[PDB]
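Asker: So that we are looking at the same thing, I have put the structure below in C-alpha cells.
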Amino acid sequence: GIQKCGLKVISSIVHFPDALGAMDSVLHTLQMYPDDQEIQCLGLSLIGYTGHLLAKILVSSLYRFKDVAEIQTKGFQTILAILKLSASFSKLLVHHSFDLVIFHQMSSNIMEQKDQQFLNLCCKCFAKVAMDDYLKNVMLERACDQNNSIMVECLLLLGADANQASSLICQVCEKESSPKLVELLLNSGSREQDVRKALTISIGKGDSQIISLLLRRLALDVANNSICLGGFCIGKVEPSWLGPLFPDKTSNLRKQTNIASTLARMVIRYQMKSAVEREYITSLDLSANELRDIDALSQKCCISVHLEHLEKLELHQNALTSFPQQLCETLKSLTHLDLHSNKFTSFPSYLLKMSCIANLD
Amino acid sequence: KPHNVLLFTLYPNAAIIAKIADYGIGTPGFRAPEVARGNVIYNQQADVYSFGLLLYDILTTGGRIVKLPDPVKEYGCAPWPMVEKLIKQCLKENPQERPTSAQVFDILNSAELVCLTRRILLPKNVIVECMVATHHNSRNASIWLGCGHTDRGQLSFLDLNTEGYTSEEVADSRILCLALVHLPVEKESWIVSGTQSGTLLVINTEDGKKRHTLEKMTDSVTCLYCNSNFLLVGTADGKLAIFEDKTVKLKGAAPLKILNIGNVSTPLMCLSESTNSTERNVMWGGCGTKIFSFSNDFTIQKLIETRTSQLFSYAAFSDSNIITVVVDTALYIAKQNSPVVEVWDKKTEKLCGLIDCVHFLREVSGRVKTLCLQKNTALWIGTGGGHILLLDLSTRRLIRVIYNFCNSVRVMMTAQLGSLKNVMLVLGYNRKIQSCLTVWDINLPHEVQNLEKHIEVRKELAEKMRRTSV
Ligand SMILES: Cc1ccc(C(=O)Nc2ccc(CN3CCN(C)CC3)c(C(F)(F)F)c2)cc1C#Cc1cnc2[nH]ncc2c1
C-alpha cells in the first residue's frame with residue numbers, strides 16, 4: 001500500500017540531475033499493482049537506453065485501463081519518447097499488442113471531442129510506426145482481421161499492399177465482414193484471380209451484399225452498359241445479386257464520412273515533418289456458368305423492371321431445360337437470344353411471343 | 001493477320017484479353033512491301049509493318065478487309081490521333097524508319113494514347129485569347145473561339161464535326177472574353193461579345209442579322225458568366241452587372257444592379273459556381289486580391305483579403321492578382337505570374353495549404369495559367385510552360401503530367417459534345433505562333449490508374465509464369 005506515495009517521492013526525485021537499475025524495481029511494482037501506480041507511471045523516463053516484457057507490461061496496462069483520459073496521453077508520450085530513443089522498439093510494439101490498443105482508442109469516437117493535442121500526438125506515433133512497410137502490411141492484416149473498417153482506408157491511403165499474402169480478400173470474405181471493408185479493398189489493387197477465389201468463397205456462404213460488391217468489379221462495364229458474367233461457374237442466379245448492378249438512377253453519391261482521409265492526411269504530414277526534422281444495362285451475358293434453371297430471375301423481383309430494357313441475353317454453354325414464360329413477357333426489348341449448347345428437349349413455342357426478337361439461336 | 005488474334009473476353013479491365021496463335025495452315029492483303037517485292041526473308045522489322053496493318057484494321061473496324069488511304073476519310077471513325085501517328089510511323093517504306101517492337105509497346109503504354117481524342121491545328125494561326133462552347137446537344141456542336149488580331153476583333157468559329165472554321169471582324173475593338181446564353185422557353189441562343197474599347201455586344205448565332213449591344217462600361221470588358229437567370233459581368237472597375245436572361249436579346253437592355261465590389265487597382269477577372277449542390281445559392285469570384293462571395297439576391301456574403309498570403313510564401317508571388325477560382329469544400333486560388341496555387345477554406349476564410357508546381361515540374365516557367373476541377377476528386381492545373389498537372393483531391397498527391405503536345409496552355413474548359421459525352425478542351429500554344437486545340441476524355445485520371453494497375457498485373461503474371469517455367 002505504501003508503494004503509492006513511494007513512487008510519488010520517486011517522481012519528486014526524477015528531476016534532480018544524474019538520476020542514475022531503478023527501471024526494474026518500478027517495473028516490478030507496476031506489474032504487481034495495476035491501477036494507482038499506472039496513473040503515476042508517467043514518471044517513466046528514458047531508462048535502459050531491451051526486455052520485451054517491459055513494453056508488454058506497458059501496453060497491457062494501457063489497454064487494461066484504456067478509459068482514464070490523461071493516463072493514455074501520458075503513456076503515448078512515454079511511448080513516443082522510447083521510440084524516438086530506439087526504432088527497433090517499433091517492431092516489438094507491433095508484435096505484442098500495439099494495434100489492439102491504437103485501433104480501440106482511435107475508433108472509440110476519437111473525434112467530436114476537443115482532443116486536438118491528443119490526436120496530434122497519436123498521429124505522430126502513427127507516422128513514427130509507419131516506417132518499415134512490412135509492419136504496415138501487418139497492421140493492415142490485423143485491422144482486416146478485426147471488423148474495423150474505419151482505418152483500413154487510412155492504411156491504404158498511406159500505401160499498403162492489399163495482395164500481401166491466400167490473399168487478404170479471401171480471408172475477409174471467409175469471415176462475416178462488412179461491405180465498407182470489402183469495398184475499400186476492391187477499390188485498391190487486387191489480383192483478379194484472388195477476387196475470383198473470393199467470389200467462389202462468398203458463393204459458398206451465400207451473402208447477396210458482398211456478392212454484388214464483388215460482381216460490381218469482376219463483371220460490370222459501365223461504358224458498354226453490359227454485364228459480362230462469362231465462365232465464372234456460378235452454379236445459380238439470384239435477382240438480388242444483380243440488383244445493385246443495374247443503374248437505379250434514384251441512387252446518388254454522398255460523402256458519408258471523411259475522418260479516415262483527414263487522419264491519413266495528417267499522419268502523412270507528420271511523417272513529412274519528421275523526415276524533414278437513362279443509360280440502362282442493354283446486355284447481360286450468362287455464358288458457361290453451369291446453370292441448371294433460370295427461374296429465380298424475374299418472378300416480379302427487383303430486377304424485373306430492369307429487364308424490360310435489355311437488348312441482348314446470351315445464355316450459351318450453360319445447362320438449361322426450359323425457359324419461363326413470365327421471363328419472356330417481362331423481357332420486352334430483347335433482340336438477340338442465345339441458347340446454344342444448352343440441353344433443351346422441345347422448342348418452347350412462346351419464345352416467339354416477345355416483342356422485338358430478331359436473332360433467336 | 002486479324003485472323004491470328006484470339007480474344008478471351010470482352011471485359012475492358014481484364015488481365016488477359018488478346019492472344020497470338022499460329023494455326024500452321026505471306027497473304028496478299030497483309031504482307032509487307034519489302035516481302036511483297038521478294039527481296040529477302042521477313043526478318044523482324046516487317047512484323048512491325050504487319051502490326052501497323054492490324055492497327056489500321058482495328059481502328060477502321062475491319063472496313064478495309066470487306067499508299068493507304070486516310071483512316072477517317074475512307075471510313076467513318078473517331079480521330080484517335082496518337083495511334084494515327086503511330087500507324088503513319090510504323091507503315092513507312094524504309095525498314096530503318098520502322099520503330100522496333102519494344103518501342104511500339106512503350107508508346108502504346110501511354111494513357112495519353114487512350115485519353116487524347118481529337119486534335120485541331122488552326123492554319124491562319126491567329127493569336128487566340130478566349131473560347132466558349134455551346135451547350136446545344138444537337139448537331140450544332142462547335143466552339144466560338146475569339147481573338148484580338150487587328151483594330152477590330154477576330155471572331156472565329158471552329159466547327160468540331162467538320163474541322164472547318166471562319167473568322168472575321170465584327171466587334172469594333174480587341175475582344176477578351178465570351179459567354180453564351182440559351183433560352184429554351186424562348187428558343188433563343190445568344191452569345192455575348194465584349195471588346196476592349198468598353199462595350200458589351202450580343203450576336204445571335206441562329207441568324208447573323210440578329211445583332212445586339214448593351215450598356216457601355218468605361219473600362220475594358222474583363223469577364224462574363226451564366227448563372228442558371230443572372231448574366232454576370234465582372235469589369236476592370238469592379239462592377240458586377242446583372243443582366244436579365246430574357247430582356248437582353250434586344251439591343252440595349254439595362255443592368256438591374258451595380259455592386260462596386262472592387263476598383264481599377266484590383267480588377268475582377270474570374271467567377272465560378274459551387275460544385276457542391278448545397279452551396280448552389282452563393283456565387284464566388286476573385287476581385288483582384290479580394291475573394292468575394294455573394295448570394296443569388298445580388299447581396300454580398302463574404303469579402304476575403306488575399307494580402308495575408310505574403311507572411312507564409314514569397315511576398316513577390318503573393319503580391320499578385322487572382323486569375324482563376326474554383327469552389328469546392330476547399331477553395332483553390334491561382335494568382336498571376338506565380339507558380340503556386342493557394343488553398344483556402346470557405347468557412348474559416350483562412351489559409352490552409354500551398355502546392356508548389358515547381359517541385360513536380362523540376363522532378364521531370366512553371367507559371368499556372370488556368371484551372372478546372374470535377375466532382376471526381378481530380379484537379380487539372382494548366383501551366384504556362386505547356387504542362388498539365390493532374391492532382392487528386394483526396395490526398396493532394398501527383399497523378400501524371402502531360403506535356404510535349406503544346407508549348408503553353410492558354411485556356412482550359414469543360415464541356416459536353418452532341419453525343420452527351422463529357423470532354424475537356426485544352427487550348428495550348430505552339431511557337432516554333434501556332435494555336436492547337438485538343439479534346440481530352442474526362443476519364444483521364446481513372447484511365448491512368450486503371451492502366452497502371454493493368455500493366456502491373458500483366459507484368460506480375462508474365463514474371464510468375466516465366467519463373468515457374470525455369
Ligand atoms: C489447337 C492449336 C494448336 C497450335 C496453335 C498455335 O498457334 N501454335 C503456334 C505455332 C507457332 C508459333 C510461333 N511461331 C514460331 C515460328 N515462326 C516461324 C512462326 C510462329 C506460335 C506462337 F506465336 F504462339 F508462339 C504458336 C494454336 C491452336 C489453337 C487454337 C484456338 C483457340 N481458340 C479458339 N476459339 N475459336 C477458334 C479457336 C482456335
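We label chains A, B, ... in the order they appear in the C-alpha cells, count residues from 1 in each chain, and number ligands from 1 in the order shown.
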Tell me as a PyMOL selection string which residues belonging to chain A come within 8 Å of chain B, counting only C-alpha atoms.
Answerer: chain A and resi 157+189+191-192+219-221+228+261+265
Asker: Check which residues fall inside 6 Å of ligand 1 when counting only C-alpha atoms and all ligand atoms, and print them as a ChimeraX atom specification.
Answerer: /B:20-23
Asker: Just N, CA and C atoms for this one: save the residues we selected as a compact mmCIF listing (two decimals), in the first residue's frame.
Answerer:
```txt
# COMPACT_ATOMS: atom_id res chain seq x y z
N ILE B 20 -1.95 -14.41 -79.24
CA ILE B 20 -1.45 -14.66 -80.59
C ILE B 20 -1.33 -16.16 -80.79
N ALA B 21 -1.80 -16.65 -81.94
CA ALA B 21 -1.73 -18.06 -82.28
C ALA B 21 -1.39 -18.21 -83.76
N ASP B 22 -0.64 -19.26 -84.07
CA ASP B 22 -0.24 -19.58 -85.44
C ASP B 22 -0.74 -20.99 -85.75
N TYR B 23 -1.91 -21.08 -86.38
CA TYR B 23 -2.56 -22.37 -86.61
C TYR B 23 -1.78 -23.28 -87.55
```
Asker: Identify, on the basis of only C-alpha atoms, every residue whose closest approach to residue 275 in chain B does not exceed 9 Å; exclude the query and any residue fewer than 2 positions from it along the same chain; express the result as a list in words.
Answerer: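 Contacts, with the query itself left out: residues 272, 273, 277, 278, 279, 280, 326, 327, 328, 329, 373, 374 and 375 of chain B.
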Asker: Would you compute the distance between CA of residue 46 in chain A and CA of residue 264 in chain A? Give it in Å to one decimal.
Answerer: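 So the two atoms, CA of residue 46 in chain A and CA of residue 264 in chain A, lie 29.4 Å apart.
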Asker: Find the residues near residue 53 in chain A: any atom within 12 Å, counting only C-alpha atoms, skip ones fewer than 3 places away on the same chain, and give them as number ranges by chain.
Answerer: A: 24, 27-28, 31, 50, 56-61, 92-93, 95-97
Asker: Any chance you could export the current selection's N, CA and C atoms as a CSV table (one decimal), in the first residue's frame?
Answerer:
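Okay, this is what ended up in result-v9.csv:
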```
chain,number,residue,atom,x,y,z
A,24,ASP,N,13.9,-1.5,-13.2
A,24,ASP,CA,13.5,-2.8,-12.9
A,24,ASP,C,12.5,-2.9,-11.7
A,27,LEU,N,9.3,-1.3,-12.5
A,27,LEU,CA,8.6,-2.2,-13.5
A,27,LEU,C,7.9,-3.3,-12.7
A,28,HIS,N,8.6,-3.9,-11.8
A,28,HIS,CA,8.0,-5.0,-10.9
A,28,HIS,C,6.8,-4.5,-10.2
A,31,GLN,N,3.9,-4.0,-12.6
A,31,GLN,CA,3.4,-5.3,-12.9
A,31,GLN,C,2.6,-5.9,-11.8
A,50,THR,N,16.7,-4.2,-22.9
A,50,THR,CA,15.9,-4.5,-24.1
A,50,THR,C,15.0,-5.6,-23.8
A,56,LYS,N,5.7,-5.0,-23.1
A,56,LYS,CA,4.5,-5.8,-22.9
A,56,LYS,C,3.6,-5.4,-21.7
A,57,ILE,N,4.3,-5.2,-20.6
A,57,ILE,CA,3.6,-4.7,-19.4
A,57,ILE,C,3.0,-3.3,-19.6
A,58,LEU,N,3.8,-2.5,-20.3
A,58,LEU,CA,3.3,-1.1,-20.6
A,58,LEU,C,2.0,-1.1,-21.4
A,59,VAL,N,2.0,-1.8,-22.6
A,59,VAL,CA,0.9,-1.8,-23.5
A,59,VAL,C,-0.3,-2.6,-22.9
A,60,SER,N,0.0,-3.6,-22.1
A,60,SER,CA,-1.1,-4.4,-21.5
A,60,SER,C,-1.7,-3.6,-20.4
A,61,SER,N,-1.0,-2.8,-19.6
A,61,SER,CA,-1.6,-1.9,-18.6
A,61,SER,C,-2.4,-0.8,-19.3
A,92,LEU,N,8.8,-4.5,-31.9
A,92,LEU,CA,8.4,-5.1,-30.7
A,92,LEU,C,7.0,-4.7,-30.3
A,93,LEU,N,6.7,-3.4,-30.5
A,93,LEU,CA,5.4,-2.8,-30.2
A,93,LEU,C,4.3,-3.5,-31.1
A,95,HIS,N,4.5,-6.1,-32.6
A,95,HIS,CA,4.4,-7.6,-32.3
A,95,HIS,C,3.5,-7.9,-31.2
A,96,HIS,N,3.6,-7.1,-30.1
A,96,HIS,CA,2.9,-7.5,-28.8
A,96,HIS,C,1.5,-7.2,-28.9
A,97,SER,N,1.1,-5.9,-28.8
A,97,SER,CA,-0.3,-5.5,-28.8
A,97,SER,C,-0.6,-4.2,-29.4
```
Asker: Apply DSSP to the structure's backbone, then extract all residues of range 60-293 of chain B labelled helix (DSSP H, G or I) and return them as a VMD selection string.
Answerer: chain B and resid 71 to 74 81 to 90 101 to 108 111 to 115 247 to 249 277 to 279
Asker: Can you tell me which residues surround residue 65 in chain B at a distance of at most 12 Å, considering only C-alpha atoms, apart from same-chain residues fewer than 5 positions away, and format the answer as JSON, numbers by chain?
Answerer: {"B": [1, 2, 3, 28, 29, 30, 53, 54, 56, 57, 58, 60, 75]}
Asker: Take the residues from that selection and write them out as a PDB file, in the first residue's frame, keeping N, CA, C and O atoms.
Answerer:
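Output file out27.pdb follows:
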```pdb
ATOM      1  N   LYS B   1      -2.199 -11.452 -89.023  1.00  0.00           N
ATOM      2  CA  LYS B   1      -3.470 -11.013 -89.572  1.00  0.00           C
ATOM      3  C   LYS B   1      -4.490 -10.955 -88.448  1.00  0.00           C
ATOM      4  O   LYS B   1      -4.286 -11.564 -87.393  1.00  0.00           O
ATOM      5  N   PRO B   2      -5.584 -10.203 -88.622  1.00  0.00           N
ATOM      6  CA  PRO B   2      -6.650 -10.218 -87.603  1.00  0.00           C
ATOM      7  C   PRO B   2      -7.228 -11.597 -87.334  1.00  0.00           C
ATOM      8  O   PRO B   2      -7.831 -11.805 -86.275  1.00  0.00           O
ATOM      9  N   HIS B   3      -7.069 -12.541 -88.262  1.00  0.00           N
ATOM     10  CA  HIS B   3      -7.500 -13.915 -88.045  1.00  0.00           C
ATOM     11  C   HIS B   3      -6.605 -14.646 -87.051  1.00  0.00           C
ATOM     12  O   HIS B   3      -7.009 -15.682 -86.514  1.00  0.00           O
ATOM     13  N   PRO B  28      -1.679 -11.843 -99.469  1.00  0.00           N
ATOM     14  CA  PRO B  28      -1.567 -10.584-100.228  1.00  0.00           C
ATOM     15  C   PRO B  28      -2.094  -9.371 -99.487  1.00  0.00           C
ATOM     16  O   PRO B  28      -1.556  -8.270 -99.655  1.00  0.00           O
ATOM     17  N   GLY B  29      -3.136  -9.537 -98.672  1.00  0.00           N
ATOM     18  CA  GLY B  29      -3.744  -8.393 -98.017  1.00  0.00           C
ATOM     19  C   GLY B  29      -2.920  -7.841 -96.873  1.00  0.00           C
ATOM     20  O   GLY B  29      -3.018  -6.654 -96.549  1.00  0.00           O
ATOM     21  N   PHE B  30      -2.100  -8.682 -96.248  1.00  0.00           N
ATOM     22  CA  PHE B  30      -1.411  -8.353 -95.004  1.00  0.00           C
ATOM     23  C   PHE B  30       0.067  -8.708 -95.095  1.00  0.00           C
ATOM     24  O   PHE B  30       0.633  -9.348 -94.207  1.00  0.00           O
ATOM     25  N   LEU B  53      -0.596  -2.712 -89.964  1.00  0.00           N
ATOM     26  CA  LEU B  53      -1.784  -3.092 -90.722  1.00  0.00           C
ATOM     27  C   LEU B  53      -2.894  -3.566 -89.793  1.00  0.00           C
ATOM     28  O   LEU B  53      -4.072  -3.239 -89.994  1.00  0.00           O
ATOM     29  N   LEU B  54      -2.532  -4.343 -88.770  1.00  0.00           N
ATOM     30  CA  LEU B  54      -3.515  -4.784 -87.783  1.00  0.00           C
ATOM     31  C   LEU B  54      -4.133  -3.594 -87.059  1.00  0.00           C
ATOM     32  O   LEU B  54      -5.340  -3.579 -86.796  1.00  0.00           O
ATOM     33  N   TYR B  56      -4.420  -0.553 -88.308  1.00  0.00           N
ATOM     34  CA  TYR B  56      -5.289   0.117 -89.267  1.00  0.00           C
ATOM     35  C   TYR B  56      -6.609  -0.622 -89.417  1.00  0.00           C
ATOM     36  O   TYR B  56      -7.640  -0.004 -89.701  1.00  0.00           O
ATOM     37  N   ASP B  57      -6.595  -1.942 -89.238  1.00  0.00           N
ATOM     38  CA  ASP B  57      -7.831  -2.709 -89.339  1.00  0.00           C
ATOM     39  C   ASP B  57      -8.679  -2.573 -88.079  1.00  0.00           C
ATOM     40  O   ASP B  57      -9.909  -2.485 -88.162  1.00  0.00           O
ATOM     41  N   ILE B  58      -8.039  -2.575 -86.908  1.00  0.00           N
ATOM     42  CA  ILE B  58      -8.758  -2.411 -85.648  1.00  0.00           C
ATOM     43  C   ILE B  58      -9.376  -1.022 -85.556  1.00  0.00           C
ATOM     44  O   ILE B  58     -10.520  -0.864 -85.110  1.00  0.00           O
ATOM     45  N   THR B  60     -10.321   0.939 -88.062  1.00  0.00           N
ATOM     46  CA  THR B  60     -11.396   1.053 -89.034  1.00  0.00           C
ATOM     47  C   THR B  60     -12.461  -0.021 -88.867  1.00  0.00           C
ATOM     48  O   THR B  60     -13.353  -0.121 -89.717  1.00  0.00           O
ATOM     49  N   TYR B  75     -13.177   5.716 -94.056  1.00  0.00           N
ATOM     50  CA  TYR B  75     -14.218   5.091 -93.250  1.00  0.00           C
ATOM     51  C   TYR B  75     -14.546   5.990 -92.069  1.00  0.00           C
ATOM     52  O   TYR B  75     -13.650   6.595 -91.474  1.00  0.00           O
TER      53      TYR B  75
END
```
Asker: So that I can see what lies close to residue 81 in chain A, please list as a short mmCIF file (atom, residue, chain, number, x, y, z; two decimals) with N, CA, C and O atoms, in the first residue's frame the residues with an atom at most 12 Å from it, counting only C-alpha atoms and leaving out residues fewer than 2 positions away in the same chain.
Answerer:
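Output saved as part-v2.cif:
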```
data_model
loop_
_atom_site.label_atom_id
_atom_site.label_comp_id
_atom_site.auth_asym_id
_atom_site.auth_seq_id
_atom_site.Cartn_x
_atom_site.Cartn_y
_atom_site.Cartn_z
N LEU A 42 3.61 7.70 -15.61
CA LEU A 42 4.18 8.74 -16.45
C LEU A 42 5.58 9.16 -16.02
O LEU A 42 6.33 9.70 -16.84
N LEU A 44 7.96 7.32 -15.73
CA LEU A 44 8.88 6.52 -16.53
C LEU A 44 9.59 7.37 -17.58
O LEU A 44 8.96 7.84 -18.54
N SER A 45 10.89 7.58 -17.40
CA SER A 45 11.71 8.32 -18.34
C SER A 45 12.53 7.34 -19.17
O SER A 45 12.32 6.12 -19.13
N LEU A 46 13.47 7.86 -19.95
CA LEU A 46 14.33 7.02 -20.77
C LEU A 46 15.29 6.23 -19.89
O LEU A 46 16.38 6.70 -19.56
N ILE A 47 14.88 5.02 -19.51
CA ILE A 47 15.69 4.14 -18.67
C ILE A 47 15.95 2.85 -19.43
O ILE A 47 15.07 2.34 -20.12
N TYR A 49 18.25 2.84 -21.78
CA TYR A 49 18.86 3.29 -23.02
C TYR A 49 19.61 4.60 -22.82
O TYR A 49 19.13 5.49 -22.12
N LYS A 74 -0.38 10.28 -21.29
CA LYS A 74 0.95 10.12 -20.70
C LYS A 74 1.65 8.89 -21.25
O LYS A 74 2.85 8.93 -21.56
N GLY A 75 0.93 7.77 -21.35
CA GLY A 75 1.50 6.56 -21.93
C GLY A 75 1.95 6.76 -23.36
O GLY A 75 3.02 6.28 -23.76
N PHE A 76 1.15 7.48 -24.16
CA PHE A 76 1.53 7.75 -25.54
C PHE A 76 2.76 8.64 -25.61
O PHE A 76 3.61 8.47 -26.48
N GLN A 77 2.85 9.63 -24.71
CA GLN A 77 4.04 10.46 -24.62
C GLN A 77 5.28 9.62 -24.34
O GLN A 77 6.31 9.76 -25.00
N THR A 78 5.19 8.75 -23.32
CA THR A 78 6.31 7.88 -22.99
C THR A 78 6.66 6.97 -24.16
O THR A 78 7.85 6.75 -24.44
N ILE A 79 5.66 6.46 -24.86
CA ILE A 79 5.89 5.56 -25.99
C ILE A 79 6.62 6.31 -27.11
O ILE A 79 7.57 5.79 -27.71
N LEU A 83 10.31 5.28 -28.57
CA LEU A 83 10.56 5.01 -29.98
C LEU A 83 11.51 6.04 -30.59
O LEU A 83 12.27 5.71 -31.50
N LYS A 84 11.47 7.29 -30.11
CA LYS A 84 12.48 8.25 -30.52
C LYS A 84 13.86 7.83 -30.05
O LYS A 84 14.87 8.15 -30.70
N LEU A 85 13.94 7.11 -28.93
CA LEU A 85 15.21 6.61 -28.43
C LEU A 85 15.70 5.39 -29.21
O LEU A 85 16.91 5.16 -29.30
N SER A 86 14.78 4.61 -29.78
CA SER A 86 15.15 3.40 -30.50
C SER A 86 14.05 3.04 -31.49
O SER A 86 12.88 2.97 -31.11
N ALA A 87 14.44 2.80 -32.74
CA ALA A 87 13.49 2.43 -33.78
C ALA A 87 13.17 0.95 -33.80
O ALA A 87 12.12 0.56 -34.33
N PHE A 89 12.30 -0.62 -31.28
CA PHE A 89 11.13 -0.69 -30.40
C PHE A 89 9.82 -0.83 -31.18
O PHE A 89 8.87 -1.43 -30.68
N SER A 90 9.76 -0.24 -32.38
CA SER A 90 8.57 -0.32 -33.24
C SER A 90 8.14 -1.76 -33.47
O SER A 90 6.96 -2.10 -33.30
N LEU A 121 -0.53 14.00 -31.05
CA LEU A 121 0.48 13.05 -30.59
C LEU A 121 0.19 11.64 -31.09
O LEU A 121 1.12 10.88 -31.39
N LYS A 124 1.24 11.44 -34.60
CA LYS A 124 2.70 11.42 -34.59
C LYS A 124 3.23 10.01 -34.34
O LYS A 124 4.16 9.56 -35.02
N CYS A 125 2.64 9.30 -33.37
CA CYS A 125 3.04 7.91 -33.13
C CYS A 125 2.71 7.02 -34.31
O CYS A 125 3.47 6.10 -34.65
N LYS A 128 5.31 7.66 -36.89
CA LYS A 128 6.54 7.08 -36.39
C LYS A 128 6.61 5.58 -36.65
O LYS A 128 7.65 5.06 -37.08
#
```
Asker: Show which residues sit within 10 Å of residue 61 in chain B, as a list in words. Count only C-alpha atoms, and ignore same-chain residues fewer than 6 positions away.
Answerer: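 The residues that qualify are residues 55, 75, 76 and 77 of chain B.
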Asker: With distances taken over only C-alpha atoms, which of B:449, B:376, B:230, B:418 is nearest to residue 253 in chain A?
Answerer: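 Comparing B:449, B:376, B:230, B:418 against residue 253 in chain A, the winner is B:376.
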Asker: Which is closer to residue 115 in chain A than all the others in A:321, A:149, A:73, A:299, using only C-alpha atoms?
Answerer: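 Smallest distance to residue 115 in chain A is found for A:73.
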Asker: Rank nothing, just name the residue among A:32, A:328, A:320, A:198 nearest to residue 342 in chain A, using only C-alpha atoms.
Answerer: A:320
Asker: Find the residue from A:103, A:126, A:63, A:118 that sits nearest to residue 146 in chain A; use only C-alpha atoms when measuring.
Answerer: A:103
